[PDB]
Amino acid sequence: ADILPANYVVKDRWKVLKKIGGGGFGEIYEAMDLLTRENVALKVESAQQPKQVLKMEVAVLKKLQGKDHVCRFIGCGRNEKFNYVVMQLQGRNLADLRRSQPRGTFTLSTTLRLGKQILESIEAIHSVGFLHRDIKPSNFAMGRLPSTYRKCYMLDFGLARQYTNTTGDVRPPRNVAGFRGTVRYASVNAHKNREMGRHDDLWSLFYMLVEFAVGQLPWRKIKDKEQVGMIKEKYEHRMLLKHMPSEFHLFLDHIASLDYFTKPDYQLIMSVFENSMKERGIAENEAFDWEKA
């Protein structure tokens, strides 16, 4: 049930090499560019598929050309079997690198640095009027190039939603909106099936880091969406920060004090990182855990 078989050629330029991603709403593929000879990420959506998501993916991707932490947009096109998008290919994702770590934990060096780069791409997308809503390790990756290999990127805009309007006002929230994502990094907003904000992409960020440092989350074992929520709804979030820098009592207070509407203070959270980095002699020119330096 693969949309393209190998050695298929889209638009006489992109020879499919293998599948690399699947899911409900599309398949992803490594392709050789036959024009420019580099390889590339070709994502594809069935033409008939009900939930025409890819197109909206390609709008976010296009508004974000210019920004860092975004794959270069190569091309898109549709025909009577599948719609396609072409973009730059990236390296190991964070989930996979995190598991590679002996203890399943990054140093605080690598965590705080990742922190800074993930937060930019979040602000970035907020800036062009979209929530990611599905923020997780496996949704970020590293470059594979001299020019990018120490660069962490953002993948998927599948679950993305616009929160503004044509001008720049905040769309009104739905009275309900059913969480459609990954439980482990879901806010309590999402568990309560309330319309997600920019703060909810920042809750996700918060929990991602805690797991990169500490190496686990309280609920990591559970897969019941409802349970997890009830635990997260009852848990003391300061208990996570017991082995984490004291600058993360601010990040937590800040996001616990936001709603849908209220814009987050991105600079504040960018400091919690840069301060904690400083009170620890951590430089950006430091190696990452996976590096063999």
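We call the rigid core the largest set of C-alpha positions that still match within 1.5 Å between the two forms. Numbers follow the displayed sequence, beginning with 1.
Between 118-126 and 167-175, the larger mean CA deviation from the shown form in 6 other deposited structures of this protein, after core superposition, belongs to 167-175.
Look at the C-alpha B-factors of 130-138 and of 161-169. On average they run higher in 161-169. Looking at mean Cα B-factors across 69-77 and 82-90, the upper value is held by 69-77. Ranking 198, 99, 184, 194 by the C-alpha B-factor listed in the PDB entry places 99 at the top.
Ranked by Cα temperature factor within the chain, residue 49 sits in the highest third according to the deposited record. In the deposited entry, the Cα temperature factor of residue 37 sits in the bottom third of values across the chain's modelled residues. Sort the modelled residues of the chain by CA B factor and residue 150 lands in the highest third. In the deposited entry, the Cα temperature factor of residue 255 places it in the lowest third of its chain's modelled residues. Among the modelled residues of its chain, residue 116 has a C-alpha B-factor that falls in the middle third, as given in the PDB entry.
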